[PDB]
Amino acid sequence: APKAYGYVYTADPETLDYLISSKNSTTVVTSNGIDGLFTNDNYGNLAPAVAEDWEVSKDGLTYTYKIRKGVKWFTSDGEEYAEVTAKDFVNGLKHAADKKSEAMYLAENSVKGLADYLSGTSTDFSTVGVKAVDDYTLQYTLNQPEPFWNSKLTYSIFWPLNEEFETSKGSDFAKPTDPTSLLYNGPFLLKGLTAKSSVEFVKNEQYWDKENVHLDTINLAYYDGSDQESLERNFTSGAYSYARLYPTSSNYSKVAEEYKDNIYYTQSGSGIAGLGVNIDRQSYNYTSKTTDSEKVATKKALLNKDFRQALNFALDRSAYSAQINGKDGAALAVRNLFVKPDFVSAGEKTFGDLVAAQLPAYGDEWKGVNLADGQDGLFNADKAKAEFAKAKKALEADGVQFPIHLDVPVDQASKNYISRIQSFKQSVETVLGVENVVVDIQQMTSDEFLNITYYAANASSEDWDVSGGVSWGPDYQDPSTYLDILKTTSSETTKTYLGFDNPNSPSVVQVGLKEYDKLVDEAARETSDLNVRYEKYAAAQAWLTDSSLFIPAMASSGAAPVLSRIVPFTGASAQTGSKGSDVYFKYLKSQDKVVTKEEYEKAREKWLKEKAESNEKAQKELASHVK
């Protein structure tokens, strides 16, 4: 039935603790059940959720939220527990601080006093700038004005948590197979968790905003990538409400004929997929290298910027994207920049434009660069070979023997991840020569792969030389959400994308990341002129692009052919945060029949007009909240 949403999830959560986790697998299982102060409506506006109203001081430092009365916490079986209050947001942030949240970067330099509490120089949380002035008045005090502060409040570190419940559960709190170990205040109740099988929700029939909830049930089935045709097959049977299509499937010509009037393409998402370079590899439990000399050679090569540039310029991103999208749709998903090029603009210039204007200082090879989505602006075999020749001269003078062996891990279950990594291998080896670079693909089980990538505990666990296993999506509406996480001090995220968690590692200094820190920090200090702030963050992105420490390849979502029974443009629209329709299913409506491309385009053209007007009205209302 249309009120029974069915689709898939790709990884079992390590935790249900939404305050501590920075991983989408926790968002997938909690957002539908946990509301914070705002959501996102179908036009992308912030919509009142637990905050019924808000104000900001004239100096921009104090935000005050009127907590909606009558919003309740419920158990997984629908029993009322307590009333959501401002004290739950004080407790949420204290819990995030005390248990060292993986997402603390969003809050630690923003909320007054929080950095001192995290370091231990203050142990009294009353010195931290979150206060329950009364049970329905929540006040945050910031270190500096942040026009993007409210956009942070759709991210999970600012969600509420009832302290009495948390204390009552002890070490059983937020356990990943136990829906009774959280309480729910959102549009759905988390009902079922079965490892490698399902995530299950039911509509919260006592939800204050249930008039905006149009699904009775949500069921997500585990999908490990071993059968990419499974999505379309289960869509056709009616089990799934949606299906991402893979044109490389052997049955695709049949699918494309049957659904010729229904397949449509989604817009590219804001997250970035690509290949991180481990500049400080600690462990060799997944390697093809046979000698310590090869290990030393690879470590030295990965510290060489020209070597990394050679890999970056040798990667054919269209062919990489074609492994999941086919050749005809391949270019749509290509991305050339860590920050999505139009994520922000300074007047008429996109962020990508600002980066392109600063990149040529690093070399004439960047003059004329096209950083726009939807085309491969970085692939250039001639430039790849030229950079490699410089690297090889420098490395051979230091005793390094060639070829350089690169370990890239894959989950043996995900066929089209293997195909993507094989395309990387073919690109690099054909352009640069197998006498120069050998890509050694390390096959392992799904759990083994997660343990050295997505769920790696520390830098010692990042057992790889190059890896495309983990993407990054933006958490709030400012370039810092992409660029701050690669600073030398951002150890929770530097391990994932760059292999290090020691801010003082000599590998980190050798690749110049201290200069990156200073560029990011100079941008962060600009709070009086957004255009200048964005120009300064573009300087940091230009450094990152030249450094080739992360090899961008594609948007991490979107730019894909899909089938749908979801009524077009009814779901939440979010470019950042945890309340987009990928994870949060308020507002969404389903229909009986498969959506047609004509239905979708008609809705899109009306939505674009309505969104522009709605966003403009919202912007004009901002000043009325200044008190």
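Numbering starts at 1 and follows the sequence shown.
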| item | value |
| --- | --- |
| Stretch exceeding the other in mean C-alpha B-factor - 51-59, 554-562 | 51-59 |
| Between 485-493 and 183-191 (mean CA B-factor, as deposited), the higher | 485-493 |
| From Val400, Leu93, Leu311, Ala538, residue of greatest CA B-factor | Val400 |
| Selection by C-alpha B-factor (highest) of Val344, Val437, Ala372, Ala330 | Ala330 |
| Chain-wide C-alpha B factor ranking for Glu294, given as lowest, middle or highest third | middle |
| Ranked against its chain, the third holding the CA B-factor of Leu118 | highest |
| Chain third (lowest, middle, highest) by recorded CA B-factor, residue given as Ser31 | lowest |
| Position of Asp41 among the chain's modelled residues by C-alpha B-factor, lowest, middle or highest third | lowest |
| Within-chain third of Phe74 by Cα B-factor, per the entry | middle |
